[PDB]
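Following this are structure 1 and structure 2, which are two forms of one protein chain, each written alone as structure tokens.
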Structure 1
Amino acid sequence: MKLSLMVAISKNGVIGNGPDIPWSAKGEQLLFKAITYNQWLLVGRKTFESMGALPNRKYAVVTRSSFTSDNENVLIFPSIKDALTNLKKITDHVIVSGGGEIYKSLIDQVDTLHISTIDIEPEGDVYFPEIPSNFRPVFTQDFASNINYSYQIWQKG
């Protein structure tokens, strides 16, 4: 089973402010929607509760409480380890989609990074892990918008 990771990182490393993403760069959301279409996403409970279950995606949500969901596209797991154990039996690809705790736990296990660098330096308290040395960028594209952003795909190798 392949593991991807998708995140938008502001220029100072902030990816979140409380439960929110502290920016709105018009168009960057299109990358997220395109790459995650009909994919399995692994998200922590805080980010899931904050984003909700968008259509045309499947969600594996991890929680140590007894958080539930009656949405048919949402599975809940008591641990990241159990999510992975089960996911590899029901799909061949999972996209790690946050938040901060989930990226910290999974960064060293993923095969492909999707990183949008957002041209802003906002206030926030959630950060992205430092990127392991074996990842290298293989594709880059710049976008002009209300807040500029740059999309970059990294591969392990």
Structure 2
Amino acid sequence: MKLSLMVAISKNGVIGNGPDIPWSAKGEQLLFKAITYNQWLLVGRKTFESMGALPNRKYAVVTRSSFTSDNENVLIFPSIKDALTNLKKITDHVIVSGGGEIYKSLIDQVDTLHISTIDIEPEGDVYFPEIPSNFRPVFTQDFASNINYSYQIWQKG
């Protein structure tokens, strides 16, 4: 089972996924929409609830809180280990789509990073982890917008 990771960060590494983040870049969220189309997303509870169950996405929500769903496209798992073991029987591909601690728990295990860097250095309390040494960038593209952004794909060797 291939594991991807997708995140939007400021230049300083503040996580910019969230709903009412005021330094969002018009056009960047198109990348997230394109890459996650009919994909399994591994997310924590806060990420699921902020995002909602978007069309054409399937959700593995990891929480040991008493979270509940009646959406057949939303599975709940007490741990990452339990999520991964169970998705191995369901799909070939899972995209880790956030939570600070979700990303910190998993970044060493994933094969591919999809990183959007917004060209701003704002104040935040939740940072993306340092990219490990055994990842290398294999594609980069710049976008002019209200705030400029860069899209970069990394691969583990």
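If you superpose the two forms and keep the largest set of C-alpha atoms that fall within 1.5 Å, you have the rigid core. Shifts are known only where both forms have a C-alpha. Numbers given to residues start at 1 and step along the sequence of structure 1.
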Point to revise | Core-aligned C-alpha movement of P137 between the two structures reaching 2 Å | key: no
**Study point:** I21: Cα shift of 2 Å or greater between the two structures (core-aligned)
**Key:** yes
Exercise for review: Fit the two forms on their core, then tell me the C-alpha shift of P78 between the two structures in angstrom.
Suggested key: 0.9
Review point. Do any runs of 3 or more residues shift their CA by 2 Å or more between the two structures on a core fit, and if so, which ones, in sequence order?
Key: 16 to 23
